[PDB]
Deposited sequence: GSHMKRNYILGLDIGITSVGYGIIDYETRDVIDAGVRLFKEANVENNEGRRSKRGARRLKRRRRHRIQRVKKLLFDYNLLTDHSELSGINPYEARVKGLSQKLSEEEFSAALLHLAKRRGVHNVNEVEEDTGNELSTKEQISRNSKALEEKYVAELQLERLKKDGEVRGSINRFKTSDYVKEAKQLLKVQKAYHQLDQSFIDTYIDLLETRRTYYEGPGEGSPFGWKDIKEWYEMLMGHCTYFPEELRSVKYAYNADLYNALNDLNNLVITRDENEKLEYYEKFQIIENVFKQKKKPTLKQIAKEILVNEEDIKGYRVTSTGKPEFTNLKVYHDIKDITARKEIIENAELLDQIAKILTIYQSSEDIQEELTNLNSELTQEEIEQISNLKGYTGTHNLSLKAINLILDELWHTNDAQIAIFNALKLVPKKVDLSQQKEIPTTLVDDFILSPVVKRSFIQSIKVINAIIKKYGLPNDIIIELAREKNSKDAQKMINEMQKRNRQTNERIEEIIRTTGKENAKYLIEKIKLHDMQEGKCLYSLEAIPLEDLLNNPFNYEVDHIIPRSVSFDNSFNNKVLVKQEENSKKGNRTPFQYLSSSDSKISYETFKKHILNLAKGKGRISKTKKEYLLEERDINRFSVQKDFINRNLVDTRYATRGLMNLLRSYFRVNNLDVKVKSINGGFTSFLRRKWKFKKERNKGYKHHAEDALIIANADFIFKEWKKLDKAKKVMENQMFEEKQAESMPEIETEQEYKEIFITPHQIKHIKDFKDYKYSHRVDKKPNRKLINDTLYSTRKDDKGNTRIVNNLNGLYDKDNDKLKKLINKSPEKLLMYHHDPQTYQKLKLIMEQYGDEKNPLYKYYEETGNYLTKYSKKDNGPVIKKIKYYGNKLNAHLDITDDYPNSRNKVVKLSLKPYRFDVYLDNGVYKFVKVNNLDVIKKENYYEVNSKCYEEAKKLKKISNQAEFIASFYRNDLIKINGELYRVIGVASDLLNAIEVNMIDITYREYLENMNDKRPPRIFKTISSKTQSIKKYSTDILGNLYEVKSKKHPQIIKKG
């Protein structure tokens, strides 16, 4: 409306506060908070890490299947071949001397390809008894294999230590290939197999993709070839967008940086203080092309002037004068000093590019040979083994080759030479943040902040001033100096400037607000609720009044009530579906399926889990039923060393021997985990068909919710949970599964004559028996409970300020007792609306 105002903003990690104030009177108009989930780097790190893991497991499986096909082709494996009881460590060690059977031979080759070592680990030759260090383990093993093969060492441990697998099982692929070559050398005699077989098999075994190949064809994450790969990555020029930067060590790029140094030099001479063309020419030719690292003495001699006269040079942290080093010139000169080659800039830029862009020597050699030069194959092979070619210059070659003559002649700054030689928008576009790169956290707070400003400009018209305060991860250091804060205000100032809108964007320092709170006696406390973020914003906005022209104004701020909250609602499909862990099940005495649990860490000083379990519930142990003799043997220990936390710890401490299974001759194995009956099985995902002939049931737990759809059925409120498992990707859209959905309604006994009321997503707003909350989820589908939270404060904090000691969670049962359920919604500003729903639930979701 007509009235003119200021807009405060308190940008935060989870929140954007906003405050709006009359420009004349400084009375509060409005104020509110927009709350969101902190954008944690952990989240995407998770997504990426798991995508990596899925490819590793896919590639192992596909390598095993490529081996099998080769064994089918050379008629060593069939559909009806018994590989079942063939110890491959025996077969590996046997087949390095004697004839294997086709089955033993197939067993062995398949065992090698499954598990084939590292390829990128060099010796450290150090041992500080670190179990988890790959480098230290790889080295300890390298020593063990001086005289023997991996399978020899592996069979030795199987027999001495009783086991092979684990942390000590870390070997180099080259150690495995040495074995395979020997195995195939012996076996070639007795089996019909040829050099094609042997070459093929070792390729399968040793080969893997490189970091600069990346995925195969289909991938959204892939790329066609190395240049595409590098082009995608590298940055763009400042003065000529749509041109990729130069590589750091191109001849013209280093020569550019060389000239700027010399142009900066100031000398106390009778003639001109700055260097002349001829002087610069002879300095470059005699110093920068002769000496690898120019020194001030060597420059001083060429001029024929004392060192102290020359001033205005780059200085190392130590104190030495620093001058640019021509990398490529020297690198190639050192290989071959032919004037045809090393006095040709265009070639020396090409060689540099190739050396930066290509990664392996054998790729560089081809790319140089295709370059069609006067270089010899001997020279090319030396070039291809050069190091340290990375990175980019800030300018493109286009930009450098433009101004190289001006730097040669005039003693000018680069900026001076380049100096010499949004309007269609209605609202602030949110893509502009994406242009410049930020912390994932901050990028989210900012996208929200622009969406919040847009919504105010719409509702109230343009502000006179906008003011900003970011959260920190009488004095005049108020203008905030952080890359993000600068970035934001540059975005905004640009926008208003272009579209010709008189708006004064500003900022103030994080600390400053706190000072005014102390000054005007206004205690900050998260205790109260989310309102603190908003009443930060209103303070910021009143600092604007102080930076133009008090009890009464701050009385308005402090006594103000009509705050507004806008929690963001997540509707994204295909989030995490379920928890990773797998659980076995068992039917107990009463005929109840139960999850099986495990007690690990039995021999730890402060672990009372088993002692608690034995005293409470001895019948929950599976060995209570199944190994009674070992049970009685364990009970005598618990009675012996009752007084301590962990009776078994004393058993290990005093005698120096882990607890073994009962046996007549004292040769039962150690006990290291104990299985016992845990919770009853209700809500689960059944994965038992992945395990053919599993006796019991194999399950996963924590079905994670997508939404719940409320229905009103003959005066009774009811609801369905829709799981994320119930939602399925099609071509360009997700679909809620119809069969799962009608099944779900049937377990809930929801009639065909029942009216759909609403769908509730996470953070959707719900009014239950006249009380408004935000939705968290479905506590129990079966019992018909939904977890909610409060709006203005977390229920945890509501109980703390009360000093109440209940559980800090709200659960609400939806039942015949429930009288009304209504859905509400807020705009981004927190204006609240009772909202209408469609006639049916949503099935398609294009976003």
> Which deposited-sequence positions, grouped into ranges, are missing C-alpha coordinates?
Replying inline: 1 to 3, 425 to 432, 485 to 644, 721 to 758
